[PDB]
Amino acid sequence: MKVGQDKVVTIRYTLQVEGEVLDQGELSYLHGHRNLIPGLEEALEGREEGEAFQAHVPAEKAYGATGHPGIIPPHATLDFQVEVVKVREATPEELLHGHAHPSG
């Protein structure tokens, strides 16, 4: 099923800024509830389970002028390599809380 509003989505990601890897990992989030930076949620819209893609997110849709000191510099364009690992419906409590819960 496709990534979209009220889906719980699991992604693997690599983050680069100016060709340097800053982070890599995996996470699950509830889509459409401001869990992620808006630029990456936009790029995730309608993606299929199993789909791999790249997203280049301008600072205005990420960490902006401030960045995130210690990780993301000011005015950084974020280059993401993403794999959509899993997509499922959110449970009632996930929807109430506005976040993802583990499955086990």
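The first residue of the sequence shown is number 1, and the count goes up from there.
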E94 by Cα B-factor - lowest, middle or highest third of the modelled chain: lowest
Sorting the chain's modelled residues by C-alpha B-factor and splitting them into thirds places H75 in the highest
Please rank the C-alpha B-factors of the chain's modelled residues and tell me whether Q16 sits in the lowest, middle or highest third. highest
For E45, return the chain-relative third of its C-alpha B-factor as stated in the PDB record: lowest, middle or highest. lowest
Would you mind checking where the Cα B-factor of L22 ranks among the modelled residues of its chain, as the lowest, middle or highest third? highest
